[PDB]
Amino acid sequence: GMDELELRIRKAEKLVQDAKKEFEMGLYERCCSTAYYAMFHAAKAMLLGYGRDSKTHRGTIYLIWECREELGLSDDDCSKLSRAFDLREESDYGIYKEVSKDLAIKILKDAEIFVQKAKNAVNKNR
């Protein structure tokens, strides 16, 4: 449908594909930022489906942590989101460090895992 849960998961899925394409073009910073966004929407979908809500990146990340058991997320899964956020902050707002191919691939693979787990949690792996 056109409900928020469906559209969030669809947005997360599209962003994962966009990030894959950025990676192949060698746009490693852009890949990291997009991959974080995919995870953000997936997190928001999980919070929606389980009657929680957030209005900030940090708020969203901590709620995911708090609700991990119910959501079927491991501690590593929750760390995937924290780390992707921190790396997105560097990609979008940092001016000294450049992001390597190897960092970007790490975040991309984390996004794939995190978004799949989100789909599982909200019964959208359908």
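Start at 1 with the first residue shown and count on from there.
- Of the two stretches examined, 49-57 and 67-75, the record assigns the greater average C-alpha temperature factor to 49-57.
- Annotation for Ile95, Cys31, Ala84, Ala38: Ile95 ranks highest, by Cα B-factor.
- Placement of the Cα temperature factor of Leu27 within the chain: middle third of the modelled residues, per the deposited record.
- Ranked by C-alpha B-factor against the other modelled residues of its chain, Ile105 falls in the middle third.
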